[PDB]
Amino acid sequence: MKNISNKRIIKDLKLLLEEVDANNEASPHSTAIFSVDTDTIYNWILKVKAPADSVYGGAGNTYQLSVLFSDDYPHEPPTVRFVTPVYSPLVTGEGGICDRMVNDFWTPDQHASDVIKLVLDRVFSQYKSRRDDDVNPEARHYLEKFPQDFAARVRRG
C-alpha cells in the first residue's frame, strides 16, 4: 500500500460530503450518514444511524464504520467494516463483511457513496433475504427459527 493522489477517491469523498450536508437539513426507511472524518484519503471513518424502520435503528443508536480503499480504486471497491459491534448474519465479530456483498455488483463507474448505501441497506434493512454473503451462520439460524427472539437480541447488542 502507498499514500498517493487518487483522482477518484478525492472526487468521491467531495461527493459524499456534499450529500451528507444536503441530508443533514432534511426517510424512516433509509439510513442516515451524519459524520465523515478521514485518516489518509484511504480510510474514511463514518458515523451512521440505521433506519427508524428497522430493528437496528430502535433507540436511534450511532453505528461507526470504516471504509478502507486501495491504490487500485475504482477497479476494486473499498471494504466496509463495522467498528460498532452489530449482531447480524452478514457481519462477523470482527466487523467484517463478505466481499461478495459489494463485489458481485461492482462496476468502476459507481461511487463510494453507492457502496456505502448498498451495505447499510443490506445489513440494516434487507437482511431477511439470504444470498451468498452470509458470514455469521449462528445469527442466520437464529433469525430463521426465532425471528422474534432475534429482534430482542439486536436491541441488546
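Just count from 1 along the sequence shown to find any residue number.
- In the deposited sequence, the stretch from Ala26 to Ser27 hides 4 to 9 residues that have no coordinates.
- The question of which stretch, 50-58 or 111-119, has the higher mean Cα B factor is settled in favour of 50-58.
- In this entry, 28-36 has the higher mean Cα B-factor, the comparison being between 28-36 and 124-132.
- Annotation for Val20: CA B-factor lies in the highest third of the chain's modelled residues.
- When the modelled residues of the chain are ordered by C-alpha B-factor, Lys145 sits in the highest third.
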